[PDB]
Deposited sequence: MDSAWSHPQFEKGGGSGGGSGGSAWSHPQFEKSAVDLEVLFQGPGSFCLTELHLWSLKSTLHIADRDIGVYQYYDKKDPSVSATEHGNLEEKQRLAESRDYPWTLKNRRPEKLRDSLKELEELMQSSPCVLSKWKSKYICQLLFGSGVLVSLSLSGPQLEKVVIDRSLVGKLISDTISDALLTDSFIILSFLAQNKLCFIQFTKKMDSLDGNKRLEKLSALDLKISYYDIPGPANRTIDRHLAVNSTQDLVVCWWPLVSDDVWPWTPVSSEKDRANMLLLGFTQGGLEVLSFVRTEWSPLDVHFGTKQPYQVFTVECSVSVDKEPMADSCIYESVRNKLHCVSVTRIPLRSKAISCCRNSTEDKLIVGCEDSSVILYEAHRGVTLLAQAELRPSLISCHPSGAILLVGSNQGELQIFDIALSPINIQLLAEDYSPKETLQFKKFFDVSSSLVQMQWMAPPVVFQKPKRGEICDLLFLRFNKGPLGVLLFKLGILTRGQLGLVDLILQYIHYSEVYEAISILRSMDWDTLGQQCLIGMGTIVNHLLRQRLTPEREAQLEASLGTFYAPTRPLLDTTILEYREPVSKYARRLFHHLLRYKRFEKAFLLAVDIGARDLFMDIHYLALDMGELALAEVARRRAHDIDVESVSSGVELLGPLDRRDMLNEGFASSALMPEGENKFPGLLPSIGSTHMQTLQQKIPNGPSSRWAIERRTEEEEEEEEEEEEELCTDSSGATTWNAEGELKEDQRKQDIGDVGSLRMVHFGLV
């Protein structure tokens, strides 16, 4: 089982040295090459852009050239996905860029320079982009520059506000927003001058800090909740009394506009954390580690998972379906993982199948600079944004099944693993599913796995796989499952009855003996002993009849 992808790089640079026989990677052209025409014929047949047009109202080829130069002249501070096919970049020196796309393809480039003279021209550190305002942090001043919108940056109001904080020492400040205006939080690693997180109100009088806190440990990252908009979630780096690394997880709530910690959780690490990611259902925390350990924790359970990435997983991007996690690296390497942290093989499009455990971008396009950002293009969602320092920009496209209607959920991973008979992996997903939240998916995933296995000749390995699959319902780590047992018990017990009959036919005896006890059927015990009459193995003997009378 593997994912099949193709990569589109939105650049005109010849420096990428992409092989011309490689159909998996695409580049834009201006007005080594021996197979380039064949690749072009395919690209044109598919209606991909090749040579970009310059049209009077929209000089796409030339506007792209300026964008490439912007990336080289100054670092990008921010990239944001406004819509599934629309995005904006913000650059140092205040230049804003807006791109519009069709599928993986770029359609227009807009460069907006109106903001350039409006700024204090201190170094930005971080930023928040606008539906109605832009907020800029600075390294060297305790100010937020605030730009209010009502070239398209023409209807501008410019102001800035003082921020309570430490003396400026080139502070690595960061910003986050919950819902544009509703909440802003500013924070930095390290009473007001000792505090390192600020809850900012949004008012007609400008931005103000409503309250401030000092965390016990420097944050690795900060997020706002989607289901809990007034919660600020942090992951913080901490050290145990045994001097071992831990990932703290803390929830801070705004109560009467006062930000305070409400809950603390701790996860032991094999090495110090280097990255943080939260999943789309907001019930799992994924932490990258310096030693390339990947650690996952489920908030509703005491369950954690471990895996070894090859890549030193400095950046993590979770797919919005929650089914796929990607591990990026500053080294330009990408690796794909299951929610269960089972490795998934990956391939770029080619005439023959040849999956790899990891993808090295350096192998395909000779990128000259470090990878900075990965994002899934959440405003189906088969596009992953890639940005390198000083360019190139581009999008990685994932091929998704037609028969699944483009969906890539956990149910679909069960179907895909069963398609390849990767049963243990399918089981690990089934154990990753929550029966109390995903009952429909749990019944379908189990049914696929059990129906797959009962069609097979029995082997000792398969006896364990069948038992484990039913064990995910019968032997939960969570006793609170009793809340939903009445919904699932019927279809699961029907599978258990099938397992009993399947194992009896192979004269295993002991498993069928115990399954009848867990099933509790009145007559099923009667098949036990009946077989014994022709085998001599009368383990249950007459007891089958007493049990039938008691049930």
item	value
Ranges missing from the model, given as deposited sequence positions	1-45, 77-84, 204-217, 258-270, 460-470, 643-766
